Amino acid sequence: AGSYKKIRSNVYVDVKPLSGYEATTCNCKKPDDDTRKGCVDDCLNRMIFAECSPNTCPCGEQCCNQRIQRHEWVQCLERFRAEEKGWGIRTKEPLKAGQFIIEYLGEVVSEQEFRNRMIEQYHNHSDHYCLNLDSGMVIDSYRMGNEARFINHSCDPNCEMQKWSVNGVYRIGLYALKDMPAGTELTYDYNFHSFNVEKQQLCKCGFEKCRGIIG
């Protein structure tokens, strides 16, 4: 049962994952009703995986496209022992397709740094905790992170990692791929998003067409 230092946002070590956009001023309309949410299903920003800025957004406080910025994580997640896969994360309540679940947190390091760490600190680990970020940068959650680090791999996932431009910085959120009832274990496909460490592991996802191996 594995220990780490819990953080509320990424720790930037030797790099800065600048995106090179701004998420700038959509043509979404602020709905007249107080509790109807704006910037939803046709928001200019959303369509390029960029969050709105609270300074620019026409929808003001009803802007529902600032989910990573505002740390709008689901509150129903639970760490549990998952047969054959150490610890896992399940949801205690239903979640709907496309819904934002949590940001993936860790230390943001260059590929070179993460490689050094793999040799000098992690070379003996039996569990791996790292996401590709972009341009030869990685989110390393071996030492610091949040509960997203415990989310297991599936060859038939119910969630995915999406890279977003947030105030000009790339950050990664987990989103539901499909509806899931209460008690469902969260999973994503590591072969897409997880950093290739060169140490392969048997896959126990239990899918009919399981690829047999993670990485």
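One rule holds for the numbers: they count along the sequence shown, beginning at 1.
Visitor: Between us, would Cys203 come up missing in a third or more of the other compared entries?
Guide: In all of the other entries, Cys203 has coordinates.
Visitor: Of the other PDB entries compared that resolve residues on either side of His193, does at least a third omit it?
Guide: Residue status for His193: gap in at least one third of the other entries.
Visitor: Test of understanding: from the entry's C-alpha B-factors, which stretch has the higher mean, 204-212 or 2-10?
Guide: Between 204-212 and 2-10, it is 204-212.
Visitor: If you take the mean CA temperature factor per stretch, which one wins between 80-88 and 107-115?
Guide: The deposited B-factors put 80-88 ahead on the C-alpha mean.
Visitor: Considering only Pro157, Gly168, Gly173, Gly60, which residue's Cα atom bears the greatest B-factor as recorded?
Guide: Spelled out: the listed residue with the top C-alpha B-factor is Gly60.
Visitor: Identify, among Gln162, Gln69, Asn152, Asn27, the residue whose C-alpha carries the highest B-factor in the deposited PDB entry.
Guide: Comparing C-alpha B-factors across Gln162, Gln69, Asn152, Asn27, the top value belongs to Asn27.
Visitor: Please say which third, lowest, middle or highest, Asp41 falls into when its CA temperature factor is compared across its chain.
Guide: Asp41: CA B-factor falls in the highest third of its chain.
Visitor: By its CA B factor, does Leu177 count among the lowest, middle or highest third of the modelled residues in the chain?
Guide: Answer is middle: the recorded C-alpha B-factor places it there.
Visitor: Hey, what third does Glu51 fall into on Cα B-factor, ranked over its chain?
Guide: Middle third - that is where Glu51 ends up once the chain's C-alpha B-factors are sorted.
Visitor: Of the three thirds of its chain by CA temperature factor, lowest, middle or highest, which one includes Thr35?
Guide: Within its chain, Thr35 is a highest-third residue by C-alpha B-factor, going by the deposited values.
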